[PDB]
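The chain below stands alone and is given in structure tokens; this is the form deposited in one PDB entry.
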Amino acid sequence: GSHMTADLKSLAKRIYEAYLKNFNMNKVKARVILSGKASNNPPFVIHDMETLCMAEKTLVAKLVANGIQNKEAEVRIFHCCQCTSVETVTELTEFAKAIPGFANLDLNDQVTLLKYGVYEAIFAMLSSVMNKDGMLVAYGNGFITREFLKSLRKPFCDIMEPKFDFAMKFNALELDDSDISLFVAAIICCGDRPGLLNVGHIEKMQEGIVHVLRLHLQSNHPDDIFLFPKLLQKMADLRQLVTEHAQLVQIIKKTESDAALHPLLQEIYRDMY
């Protein structure tokens, strides 16, 4: 129907609580850091090569242990960014268990849904820690400027800017964590992924989440009448954004002998698009 019964309201709260439990950086926390109203101690700003190398003095143990300290600056940056993606994949994998029906799926279908869904979710949630000038890193303790990322040498300067472009329009929708949690659940449940076995079952799982998403958006943002259709379009945009990101990763991986794709991320991108 069009009214939120108790089972739907409970489902929405369960997804929201799993989102808060599994993702350390939520939008409320990110925006207070980015706003600077709860503290006069801002994140360390990485805006050029000098401040990058300053920040990396704190990270020396991790860079040394990973054999990255002497790699080119661009490679060092996106090695750390890869490690962050790996953490978020792990968190999304645990989050998906809270989606009613997900754990009941064939294990191969769970793997397929997460394979194609995680980076759409990652770039959706990445918007929460982005403003027009840069993005929070290191659990909100650092802030790497958008211009410094564009200043990197090709093709590394082409990686993050499309994600900033998406985030600025996504953030204009003014979603809160309760919306984003259901949006991320809907992303994970897409029944259109390549190689899914039990499509019918997955589509019924997806329909339940998307129904709760619509009713929740209508209740939580009553003045933005078509916010739900707007978000359906954002899901399509994310699929295109990830398709292009994966293609660019393949190009870079093949023409950059000293940059290494993280093993876990290797399997994700393997035969993706």
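One-based numbering along the sequence shown.
One more form of this protein, deposited with a partner chain bound, exists but is not displayed; see below.
_the partner chain: the contacting residue among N198, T93, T145, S151 in the bound PDB entry [heavy atom, 4.5 Å]_ = Residue within 4.5 Å of the partner: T93.
*Is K163 close enough to the partner chain in the bound PDB entry to count, meaning some heavy atom within 4.5 Å?*
Answer no; every heavy atom of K163 is more than 4.5 Å from the partner chain in the bound PDB entry.
*Looking at the partner-bound form in the bound PDB entry, is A260 within 4.5 Å of the partner chain by any heavy atom?*
Close contact is absent here: in the bound PDB entry, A260 is far from the partner chain, nothing within 4.5 Å, heavy atoms only.
*Can any non-hydrogen atom of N108 be found within 4.5 angstroms of the partner chain in the bound PDB entry?*
Heavy-atom contact with the partner chain at 4.5 Å: present for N108.
*Any of the heavy atoms of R193 lying within 4.5 Å of the partner chain in the bound PDB entry?*
Contact with the partner chain, no.
_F102, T112 and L264 - do all three of these have some heavy atom no more than 4.5 Å from the partner chain in the bound PDB entry?_
Yes, each of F102, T112 and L264 comes within 4.5 Å of the partner chain in the bound PDB entry.
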